[PDB]
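Protein chains in written order, with the working numbering: chain L, 647 to 742; chain W, 935 to 1040; chain H, 9 to 57; chain V, 27 to 869; chain Y, -18 to 332; chain P, 6 to 93.
C-beta atoms are modelled at their ideal positions from N, C-alpha and C, and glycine is treated no differently.
Here the structure comes first, spelled out in structure tokens, and everything after it is commentary.
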Amino acid sequence: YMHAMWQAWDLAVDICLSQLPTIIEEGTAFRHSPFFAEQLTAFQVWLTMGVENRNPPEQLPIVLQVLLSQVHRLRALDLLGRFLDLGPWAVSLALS
Amino acid sequence: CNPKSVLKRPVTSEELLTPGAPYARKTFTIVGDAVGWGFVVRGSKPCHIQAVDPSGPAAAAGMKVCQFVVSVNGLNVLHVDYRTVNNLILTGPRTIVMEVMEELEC
Amino acid sequence: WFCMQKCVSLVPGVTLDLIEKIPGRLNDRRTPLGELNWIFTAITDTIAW
Amino acid sequence: XXXXXXXXXXXXXXXXXXXXXXXXXXXXXXXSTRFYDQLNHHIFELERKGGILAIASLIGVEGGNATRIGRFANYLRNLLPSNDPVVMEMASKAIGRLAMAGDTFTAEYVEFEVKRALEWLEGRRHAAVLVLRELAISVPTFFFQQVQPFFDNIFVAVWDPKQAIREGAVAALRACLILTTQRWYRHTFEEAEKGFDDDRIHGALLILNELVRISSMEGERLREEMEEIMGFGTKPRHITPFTXXXXXXXXXXXXXXXXXXXXXXXXXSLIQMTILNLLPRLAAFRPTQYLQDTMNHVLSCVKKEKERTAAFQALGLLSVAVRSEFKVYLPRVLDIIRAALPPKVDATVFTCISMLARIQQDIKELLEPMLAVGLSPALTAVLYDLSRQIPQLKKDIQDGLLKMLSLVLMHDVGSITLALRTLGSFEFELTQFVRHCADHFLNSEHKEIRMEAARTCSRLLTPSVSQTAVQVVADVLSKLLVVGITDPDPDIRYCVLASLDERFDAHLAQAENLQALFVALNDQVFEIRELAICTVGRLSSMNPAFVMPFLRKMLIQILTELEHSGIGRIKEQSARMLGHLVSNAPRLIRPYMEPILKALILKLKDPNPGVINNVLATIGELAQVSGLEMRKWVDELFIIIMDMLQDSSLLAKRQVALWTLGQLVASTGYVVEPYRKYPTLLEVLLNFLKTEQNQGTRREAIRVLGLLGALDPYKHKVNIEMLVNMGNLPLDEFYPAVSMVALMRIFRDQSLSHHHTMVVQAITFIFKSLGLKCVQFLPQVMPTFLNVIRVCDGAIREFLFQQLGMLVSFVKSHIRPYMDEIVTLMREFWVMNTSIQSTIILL
Amino acid sequence: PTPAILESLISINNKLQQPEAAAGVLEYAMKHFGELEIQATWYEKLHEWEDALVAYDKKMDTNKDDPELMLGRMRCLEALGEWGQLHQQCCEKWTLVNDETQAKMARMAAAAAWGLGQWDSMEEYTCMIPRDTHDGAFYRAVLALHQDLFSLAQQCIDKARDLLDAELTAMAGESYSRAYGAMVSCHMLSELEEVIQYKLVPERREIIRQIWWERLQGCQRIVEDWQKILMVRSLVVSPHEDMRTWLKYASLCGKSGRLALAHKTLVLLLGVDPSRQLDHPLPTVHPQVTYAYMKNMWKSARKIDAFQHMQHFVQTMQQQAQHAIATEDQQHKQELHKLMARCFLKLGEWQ
Amino acid sequence: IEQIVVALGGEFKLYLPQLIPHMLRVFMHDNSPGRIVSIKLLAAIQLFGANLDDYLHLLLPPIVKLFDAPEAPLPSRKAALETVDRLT
Ligand SMILES: O=P(O)(O)O[C@H]1[C@H](OP(=O)(O)O)[C@@H](OP(=O)(O)O)[C@H](OP(=O)(O)O)[C@@H](OP(=O)(O)O)[C@H]1OP(=O)(O)O
């Protein structure tokens, strides 16, 4: 219940349904959330200093979810390859 | 007629470089101010000092108008354009180490 | 539940009636409702792992 | 606040006493008045050092006041006539602190001390000298008020056979002659040369040096710097956080000095000390016979002891002043330095070797004994400034200096402290050292070692792609973060956190490092908490996935402390914290700006000064971040702020009030229209220019008149009998009419209460002298006079009724219109009181 | 009646904000004393810059050149804005001049260099201005923003405000009217603050321009004050990037009886000189500018040519409207009709 | 207060912010002999449970100052420490 990721869920909800007055009444085009983009940005920052066998990146299952769409598929496939490059320990994680 | 030239000496190249004779070198360290140092260098090859603010810190520590410089904040600028020297002094620290040729009334 | 917490002060003009009339579906990830469902699936699968 | 205040008073009376006076000054920073006067009097009469510590400290911080000045002036006037040494100089420092307070009584107090100082010119004579010396530095204007008595009395009193006077009175003459030059000199040179023609040696030489030294600052500016021994292109933050005769007689000045240096060679230590100070400054004015007389005394004083310190200082100035001719005496000077160093005082020897270069290749061989002396702050300051001026072998300098540091750090406490200060002060060319320094701070129980080893490692990681270096930086920075979170001593925790600058933000944005930083946002010390939220806010661009969720949770808590905590300090701390968030994480806060602003406006309409000051500084930072989304609230905040600007009753400072108003007008773009809505705006802002004394505040009051634009004078016009009496009447009528008019003005308002008796005695005398022509004035006088009787109290009532009786006797039949009111008055104020009964019956 | 009395009478009237009375004093001087008794300084006080220049020219022709008459004539040139002639007099006379007049020269020489856009000359002149003056701080802060020395710029502005303390306080004591001059100095200072933001925040640009436009309209319609303000904003905004400012400016020059300056302004906005190519048709790009030029030409008594241009222009407008009317450009079409309507009205009244 | 907390349970967090100002004043100036009114208020905070989530940052500093103050008596310090134990 007290995991940090829960705080991210609140912000994601907040930004998503702050637009609802404008979507319903004004008819504004629903801009997509930066969530998945920003989560890939966090994974990229991890890769920069990821050589050591430290705690694995929290966002690994998010990278999986990003592969399902096309909007961020190119960026994820790049980062996922760079991660697998780090070593065979990482490829084991991605398979698990 | 747009540019202004206040330097009587037409050229000083190859005359400075020769040791001794007309001038004796001196190094002036000028501290920055709230509104600026107050000196201008407008010499093409020798980078002679164009003007000095009489009320500025530079005029208090010597720095007469009829002078030539060859090095700023350590870096030797004996042969560069005046505009390039203006870039170096602004991009450098607040306090500037300057070498003045300081011709001895000749 | 989000609309019952104290954090609603941060979004004035968000009542339950707006939540009832949220546009989209739970399948179409390009809609607002499908966006949240997709995000939620990622966040929950991340906490678990 | 009384018993324990007197308990610690006798404690400080009987290092520990200075800290008890600093804590008393720190307690006076927050802070009854009678008990402080009694506590000061308790410490005064008893010991004398603690009494001066009590007086001076309170006056400076609590502020000089008419009550405090009148009382403590008698205490200071009692100490001066007779006191011990050391205590006298402390009492003279309490004069200087009082004289720089900036009060109206300062003009009287300073001129009281100066006039009595001239009367004296031994605890009397040296006291007057310290008073005049400190006042000459602190107060140039009133020191110049008595210059002709100054020179005449002092040239008599200086040459008396005393040492303490000669030390201070020349420093007073120094402070005086500097003020005379920038704005006497013949009378100075006459009395100085009269004195020269062994007590009458070292004083004349100092007076002659004053004319030499002031005429040429080049000599003094070298001595002044040796005694002590950002960028213009930077982009400002996008959100602004809240904030002649001395040259003509100079020839004879050195002429009588060249002979004095030979005359007073070893006559009556003190004279030799002043000679070796003066000789270089005289030579720097005019350098061979003058040099030969100098060199004989200087070179002989270097071999001797108790002067070697000042001898090299003169020798270093002589080497710079006399360039070529000094080169003959190089073998003499260098042999003495080569003999002086092996014994290890020599901190000055190195300073003068730096001034000797201020060069030859011989210095390369001179380095191997120099470094063998040892680590001193003078040595490393010299070698640093040596590579500045002559960078011929800067690599060889760093080679030997790093070899010295390596020999040291391969191997008590205070030396390791200074060795780390050296290692982190100036640049160097370091992996093992830093991984070994990671061991020292963890395994040191010394607070000062940990605090310095932290400052050192943070400085030595300025070189921050190689995997090994990254893994090393990651290891060290993880250990540093652990120390910054876990160390008990909060000073060490604050230093470490402050040292984690922009440079490290690439590493701090790692998950593990960010989990540590979050813990740090709940530190016991509010100041550390402030610094942590700034760092995390700055990282909200690097790793938004972590930082943005966490700052939202923190924002909720901040707004909870604001709204629901009913406590000044907690609310003040919460506002301050929201300040740092707005500035460092503006993207996060932009969607939530309307909630925050409503919460803050509600705080502004609540019925502690620092809370409103921090709330205003936050609203001002929101203005810039809002980016035109706060327009709907601008007219609300404008009313609030204009309500707070007018009057000085409001606790909140006008400065920050005016600053936040500036930021609103600027960002939101409310120009010209506010002038129409609030017409007093131009009258309020031109009133600060006539009232405010602070520059910063006056500066803002202009910057806000700037942003609001320059209103057209017509647009501002749209936005907003005594001579006549004489013009008509003859003078014999005019005089009653003007007298009455002048009395009627006093009759209204509370001014009448002070002058109740005199006003009505006049009006009665006027009516009696006029006769029946006073009837004219009846409609003016009566309604006021009756309302005065209504609101008057006590004794005046009876007197007014007495004088009303006189009035009625003069007016006679004409009083009929006002008679009904008079009866009502009588009916209301008739009491069984015997006094008023006799009065009313007469009326 | 004495000349000294008349001079003092003029200065008293200006302090009392009664310009018309002081002008009447000069008319009295003209009649009863002629012209020799009228010094050029009298025109300078009355802001008769055209007649003051004629006076200083007549005086400098007969009398030998003097520091006082040179500065007087140069002061007139800067008020008119003839930056070409003012910079010519500077470059000619530098070594010929003493250091006392030098400090009274550079404040005007820098203004001229800034106007012409020659930044090397401007740097030389600003150093000669004394730092203790308000202007000395202001002009140093301007050369800061040209070189992007933002940190030093803010420093110099603060000292400039500090030096305006003495001026603002003195003028405020005796009515708002006298304080207006100081008020304009702070206006230009706070505008220089909003040029630093303009050079740092691309997102804030259109907001700053709207603020600038609304601020200038609250300011008084004096041409001198506008020239100062527009020269400042021109540090980061070319005249083409904001037409309506420079068109309203030209209109003031027209109403104030300075059509020469109005003409130069309009030529600079048009892009070319119609005055030179009389046979060619007027350029259609920027039509609101062209229209302003024609109604200026009419005031210049070239009213047969103006009328002919208007006939050509409206034929061009109505053809440019018809062919370019799509659904997209509806706001442009609405502004083009509002223009064409005013064109047709001018056609009529002119006919 | 203790009886309202057990009665409402989860719904108490709506009303707790009104009571917080008085509870924070109790800690600042408690003149109770041996601060037994403070000890009682600690025992109440234990019942508050997961209600304190949104307000723990407010309550905790007073509690922390309570068990770290040496002037304060040992019973009241044990009561504060045992409270933090439970709330954990
Ligand atoms: O001087 P005019 O020939 O009579 O022209 C005026 C004048 O325009 P200019 O800016 O070119 O001088 C008005 O401006 P003001 O100087 O009075 O401020 C302007 O009015 P606005 O400022 O409201 O636009 C008005 O325009 P309009 O007819 O749309 O009201 C316009 O008239 P013409 O264009 O018809 O000559």
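Inset, instruction - Check whether the Cβ of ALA282 (chain Y) lies closer than 7 Å to any heavy atom of ligand 2, and answer yes or no. - result: This structure lacks ligand 2; its bound ligands are ligand 1.
Legend entry - Distance between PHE576 (chain V) and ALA650 (chain L) (C-alpha atoms, nearest Å): Residue numbering aside, residue 650 (chain L) sits at position 4 when the first sequence is read from its first letter. Residue numbering aside, residue 576 (chain V) sits at position 550 when the fourth sequence is read from its first letter. Straight-line measurement puts the Cα of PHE576 (chain V) at about 8 Å from the Cα of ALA650 (chain L).
Inset, instruction - Indicate whether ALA91 (chain Y) and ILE110 (chain Y) have their beta-carbon atoms separated by less than 8 Å. - result: Position 110 of the fifth sequence, counted from the start, is the residue given in the question as residue 91 (chain Y). Position 129 of the fifth sequence, counted from the start, is the residue given in the question as residue 110 (chain Y). Yes, the Cβ-Cβ distance between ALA91 (chain Y) and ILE110 (chain Y) is below 8 Å.
Inset, instruction - Could you tell me whether any Cβ in chain L is nearer than 8 Å to the Cβ of residue 64 (chain H)? - result: Here chain H comprises residues numbered 9 to 57, so residue 64 (chain H) is not present and cannot be evaluated.
Legend entry - Rounded separation between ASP673 (chain V) and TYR704 (chain V) - CA only: If you number the fourth sequence from 1, residue 673 (chain V) lands on position 647. If you number the fourth sequence from 1, residue 704 (chain V) lands on position 678. In a straight line, the C-alpha of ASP673 (chain V) is about 16 Å away from that of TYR704 (chain V).
Legend entry - Close-in-space but distant-in-sequence residues of the same chain around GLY122 (chain V) (CB under 7 Å, 5 per side omitted): Against the fourth sequence, residue 122 (chain V) aligns to sequence position 96. These residues qualify, in order along the chain: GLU160, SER164.
Inset, instruction - Scan the stretch 142 to 181 of chain V and note each continuous alpha helix (DSSP H) run of 4 residues or more that stays entirely inside, going in chain order. - result: Secondary structure remark: continuous alpha helix (DSSP H) runs of at least 4 residues inside the stretch 142 to 181 of chain V, in chain order: 151 to 164, 166 to 169.
Inset, instruction - Helix, strand or coil for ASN859 (chain V), going by three-state DSSP, please let me know. - result: Counting from 1 along the fourth sequence, the entry for residue 859 (chain V) is found at position 833. Coil, per DSSP.
Legend entry - Coil, strand or helix - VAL371 (chain V) by DSSP: Here residue 371 (chain V) refers to the residue found at position 345 when the fourth sequence is read from its first residue. Looking at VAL371 (chain V) - three-state DSSP - the assignment turns out to be coil, as it is neither helix nor strand.
Inset, instruction - Would you identify the three-state DSSP class for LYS998 (chain W), choosing helix, strand or coil? - result: By one-based count along the second sequence, residue 998 (chain W) stands at place 64. In the three-state reduction of the DSSP assignment, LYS998 (chain W) falls in the coil class, being assigned neither a helical nor a strand state.
Inset, instruction - Could you confirm whether any beta carbon from chain Y is found closer than 8 Å to the beta carbon of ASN936 (chain W)? - result: Working through the second sequence from its first residue, we reach residue 936 (chain W) at position 2. Closer than 8 Å: yes.
Inset, instruction - Answer with buried or exposed for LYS18 (chain P), where buried requires no fewer than 16 other C-beta atoms within 10 angstroms of its C-beta. - result: Counted from its first residue, the sixth sequence places residue 18 (chain P) at position 13. Classification of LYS18 (chain P): buried, given that the 10 Å Cβ count is 16 or more.
Legend entry - Within chain Y, the residues that residue 909 (chain W) reaches when beta carbons sit closer than 7 Å: Outside the shown range of chain W, which is 935 to 1040, sits residue 909 (chain W), and nothing can be said about it.
Legend entry - Selection of the stretch 716 to 738 of chain V by Cβ proximity to chain W, strictly under 8 Å: Contacts with chain W (Cβ-Cβ distance below 8 Å) from the stretch 716 to 738 of chain V involve no residue at all.
Legend entry - Identity of the residues DSSP links to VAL975 (chain W) by a beta bridge: Translated into positions along the second sequence, residue 975 (chain W) becomes position 41. DSSP lists W:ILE983 as the bridge partner or partners of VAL975 (chain W).
Inset, instruction - Quick one: measure Cβ to Cβ for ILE666 (chain V) and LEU630 (chain V), integer angstroms, because I've assumed they're closer than 8 Å. - result: As a working mapping, residue 666 (chain V) is identified with position 640 in the fourth sequence. As a working mapping, residue 630 (chain V) is identified with position 604 in the fourth sequence. Confirmed, about 5 Å.
Legend entry - Residues near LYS85 (chain Y) in its chain [Cβ-Cβ closer than 6 Å; skip 5 each side]: In the fifth sequence, counting from the first residue as 1, residue 85 (chain Y) sits at position 104. Closer than 6 Å at the Cβ level, and outside the excluded window around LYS85 (chain Y), lie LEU52.
Inset, instruction - Take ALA347 (chain V) as the anchor and find which of V:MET381, V:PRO369, V:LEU684 has the nearest alpha-carbon. - result: Your numbering for residue 347 (chain V) matches position 321 in the fourth sequence. Checking every option, the nearest Cα to that of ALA347 (chain V) belongs to V:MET381.
Legend entry - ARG323 (chain Y) Cβ short of 7 Å to ligand 1 heavy atom set: Against the fifth sequence, residue 323 (chain Y) aligns to sequence position 342. Yes; taking the cut-off as 7 Å, the Cβ of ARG323 (chain Y) has a heavy atom of ligand 1 nearer than that.
Legend entry - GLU1033 (chain W) - partner residues in DSSP beta bridges: In the second sequence, residue 1033 (chain W) corresponds to position 99, counting from 1. According to the DSSP secondary-structure assignment, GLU1033 (chain W) is paired through a beta bridge with W:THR961.
Legend entry - Own chain residues within Cβ distance below 6 Å of residue 880 (chain V), not counting five before or after: No statement about residue 880 (chain V) is possible, as the shown extent of chain V runs from 27 to 869 and does not include it.
Legend entry - Listed by chain order, chain Y residues near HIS742 (chain V) by CB distance under 8 Å: For the purposes of this step, residue 742 (chain V) is taken as residue 716 along the fourth sequence, with counting starting at 1. Simply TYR157.
Inset, instruction - In angstroms with no decimal places, state the Cα-to-Cα distance between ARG97 (chain V) and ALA601 (chain V). - result: The residue labelled residue 97 (chain V) in the question sits at position 71 within the fourth sequence. The residue labelled residue 601 (chain V) in the question sits at position 575 within the fourth sequence. Taking the straight line joining both Cα atoms gives about 42 Å.
Inset, instruction - Measure the CB-CB distance between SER37 (chain P) and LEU71 (chain P) and report whether it falls below 8 Å. - result: Numbered from 1 along the sixth sequence, position 32 holds the residue referred to as residue 37 (chain P). Numbered from 1 along the sixth sequence, position 66 holds the residue referred to as residue 71 (chain P). Against a cut-off of 8 Å, the Cβ pair of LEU71 (chain P) and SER37 (chain P) comes out as no contact.
Legend entry - Entirely enclosed alpha helix (DSSP H) segments - the stretch 598 to 685 of chain V, minimum 4 residues: Counting only runs of 4 or more, we get 612 to 615, 619 to 630, 635 to 652, 657 to 671.
Legend entry - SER1005 (chain W) - DSSP class collapsed to helix/strand/coil: One-based indexing of the second sequence puts residue 1005 (chain W) at position 71. Correct three-state label for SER1005 (chain W): strand.
Legend entry - Minimum Cβ-Cβ distance from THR1025 (chain W) to chain V less than 8 Å: Along the second sequence, one-based indexing puts residue 1025 (chain W) at 91. So yes, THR1025 (chain W) belongs to the interface.
Inset, instruction - Using the Cα positions of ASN(-6) (chain Y) and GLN719 (chain V), report the straight-line distance between them to the nearest angstrom. - result: Counted from its first residue, the fifth sequence places residue -6 (chain Y) at position 13. Counted from its first residue, the fourth sequence places residue 719 (chain V) at position 693. Computed Cα separation, rounded: 34 Å.
Inset, instruction - Would you tell me roughly how many angstroms separate the C-alpha atoms of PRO80 (chain P) and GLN51 (chain P), rounded to the nearest one? - result: Within the sixth sequence, residue 80 (chain P) is the residue found at index 75, counting from 1. Within the sixth sequence, residue 51 (chain P) is the residue found at index 46, counting from 1. Annotation: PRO80 (chain P) to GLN51 (chain P) spans about 16 Å, alpha carbon to alpha carbon.
Inset, instruction - May I ask whether a heavy atom of ligand 1 can be found less than 7 Å away from the beta carbon of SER232 (chain Y)? - result: For the purposes of this step, residue 232 (chain Y) is taken as the residue at position 251 of the fifth sequence. Checking the Cβ of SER232 (chain Y) against ligand 1 gives yes.
Inset, instruction - Count the C-beta pairs between the stretch 89 to 103 of chain Y and the stretch 271 to 282 of chain Y that are closer than 8 Å, then say yes if the count reaches three, no if not. - result: Output reads no: the stretch 271 to 282 of chain Y does not touch the stretch 89 to 103 of chain Y.
Inset, instruction - Would you mind telling me which residues of chain C sit closer than 7 Å to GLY972 (chain W), beta carbon to beta carbon, in chain order? - result: Included in the structure are the protein chains L, W, H, V, Y and P, with no chain C among them.
Inset, instruction - Give the straight-line distance between the Cα atoms of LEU328 (chain Y) and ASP254 (chain Y), rounded to the nearest whole angstrom. - result: Translated into the one-based positions of the fifth sequence, residue 328 (chain Y) becomes position 347. Translated into the one-based positions of the fifth sequence, residue 254 (chain Y) becomes position 273. Straight-line Cα distance between these residues: approximately 23 Å.
Inset, instruction - Might you give, ordered along the chain, the residues of its own chain that have their beta carbon closer than 8 Å to the beta carbon of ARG334 (chain V), omitting 5 neighbours on each side? - result: By one-based count along the fourth sequence, residue 334 (chain V) stands at place 308. Hits under 8 Å: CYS327, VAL328, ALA366, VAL371.
Inset, instruction - Report the three-state DSSP secondary structure of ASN35 (chain H) (helix, strand or coil). - result: Counting from 1 along the third sequence, the entry for residue 35 (chain H) is found at position 27. DSSP places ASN35 (chain H) in coil when its eight states are reduced to three.
Legend entry - For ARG657 (chain V), the nearest candidate out of V:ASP632, V:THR694, V:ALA143 (CA to CA): Along the fourth sequence, read from residue 1 onward, the residue named residue 657 (chain V) stands at position 631. Comparing Cα positions, the closest option is V:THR694.
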